[PDB]
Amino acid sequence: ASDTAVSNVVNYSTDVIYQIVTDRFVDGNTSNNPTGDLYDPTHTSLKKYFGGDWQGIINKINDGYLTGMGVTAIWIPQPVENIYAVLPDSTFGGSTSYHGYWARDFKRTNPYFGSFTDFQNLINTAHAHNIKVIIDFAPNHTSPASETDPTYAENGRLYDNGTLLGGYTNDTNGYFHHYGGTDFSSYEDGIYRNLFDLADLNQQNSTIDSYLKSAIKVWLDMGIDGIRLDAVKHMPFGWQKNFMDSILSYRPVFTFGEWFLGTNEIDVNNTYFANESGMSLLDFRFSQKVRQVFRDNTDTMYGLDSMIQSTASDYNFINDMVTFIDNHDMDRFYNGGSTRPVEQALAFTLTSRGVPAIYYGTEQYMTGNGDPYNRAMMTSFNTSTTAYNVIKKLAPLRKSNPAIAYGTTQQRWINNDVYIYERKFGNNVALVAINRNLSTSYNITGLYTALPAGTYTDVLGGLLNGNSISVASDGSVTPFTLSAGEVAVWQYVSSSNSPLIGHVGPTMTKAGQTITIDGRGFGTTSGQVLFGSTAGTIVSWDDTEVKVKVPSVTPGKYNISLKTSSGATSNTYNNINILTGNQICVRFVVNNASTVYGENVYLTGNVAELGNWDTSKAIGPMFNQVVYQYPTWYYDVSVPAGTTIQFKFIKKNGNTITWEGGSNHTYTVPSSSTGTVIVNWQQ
């Protein structure tokens, strides 16, 4: 199977995701609809169940609507059993779990969406049509709760395949956090306190850790192809790395988290998370900039290029960034007036780096500013809209042109309103020109490209007013006019390729596991895959995909390269993280660690998971507000099971790092359960 096959579920760079709000798409089976106050058959009371279900999605796969658009993946809300209570809402009358965000049993289905058999039907129907299926999973919380009023909602009660674990009131087991609600005043505050009134799960509780691992395996066993993890800024990094290892050790699938970033927001924790957690991220830097430039007129094409360059610098796995122009929370991109801006934002996203996702109804110009106005029932299945056809024409290019799926991005021409950029992967090229100005044309002179000499037709066929270009042997493009609102796409796909790696997944692995290397020019005869300079055992070999067993190298990060059977060597794909063993979440706690202003406590130790004594990569800054208070510090850390570790704490700020004196602390990590290790700072 090639890199582009539906069964390659660790690489989504060749795909286009269609994000469906299940309840609000198609009611394919009325018999599974809720009854009473939960359900609104009129589809107008925007926090009720409207009846959209998995059979409905199946219908639109079978009838060609989604495939006719070039959709190759769907992303659906959490499939798990949700609460049945109808909650008061002064604006919408009643408020329900239609959205899937309010889990009561992570091991069972939401019966309104369907049974496990319906879910199976969805997976199988999608696969029969070369569509991958991503599910939301929201292990941060169960549902709205009041500890003092257990009659409110379902008191956040959690079940384990029908068996009650417990609720938020009288939580004698400590399944939930009891630290009030977050005001988002710090990263720490947002992790250990409740989001709104949602009962915050305590993942450090060994029963809950084991439960959530068991629960995601239920869905992996149902044949899901990907996971979108909700609220990843609101759970410990260490717990989530541990959670990711459980998934990837069982059956690896592409996983991406939601870590919201606002306009112009800078957060090094977001970069770290994407680079270290073992999962990818929804690309808010991309999305917010696209909105600024194409929708809201608060930045220019210069800002768009700056985002392209900055994100590529910061993120180790730029091809895994999940891009989008709107979603279930943002104001819908189409806001009235000309539809050209949304068409342009779609074209940009579909031809840019990463993994594009399109929110249902974007192709029908649906409007709606704010949750839940942005979640109206799907309005139309008209296949003649300009937006539908932009997607139809551009989506398949991610499969047919490896420059689009995997290539670098280079600015070739720019002014405030015009961006001409080039995607390049070996001798494969895509050149895209966009003029956002809806009233002014631009004369394009001095343009150069890596496209071979020749004349190139617009892949869009003039749908967005594109036209042909002529390219000379020196790469110079004959002057041309970019008309108002024009988008044009020109491409060259080479008939041959030197070995080129476009993607490796998963990025967090260990000895004996299998990783997938995708690209071009590997040849059909088996060669060699190198982890640094150490060969791995070949599982399978094809021109666009090699599967290889991870060798027993010293745990840490490795740069992957490939050598063909003739001896040709590929580029390196960097920073594949080889763990020491299966992961466990351990809470590290240090008492009596006093610091000066601007100084924080960090953890360092003698395994890769603790940075192998590298103070510049020490774990932290540690926390000291919620679970324990300064000068006690704590942090939840993913560490190798059953391993006897040595560690110390350090204090750093910018002047001179202070280490604990004395001998190293030592601790043997549990074999399967979460653990806590508490020590006193050593002078």
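Throughout, we count residues from 1 along the sequence that is shown.
- Of the two stretches examined, 160 to 168 and 301 to 309, the record assigns the greater average C-alpha temperature factor to 160 to 168.
- Higher mean CA temperature factor between 530 to 538 and 237 to 245: 530 to 538, per the PDB entry.
- Based on the entry's C-alpha B-factors, the most elevated value among 524, 401, 316, 96 belongs to 524.
- Of the candidates 641, 627, 69, 57, it is 69 whose Cα B-factor is highest according to the PDB record.
- For residue 37, the recorded CA temperature factor ranks within the highest third of the chain's modelled residues.
- Compared with the other modelled residues of the chain, the Cα B-factor recorded for residue 673 ranks in the middle third.
- Sorting the modelled residues of the chain by their CA temperature factor places residue 455 in the highest third.
- When the CA B factors of the chain's modelled residues are split into thirds, the value for residue 200 lands in the lowest one.
- The PDB entry assigns residue 149 a C-alpha temperature factor belonging to the highest third of its chain's modelled residues.
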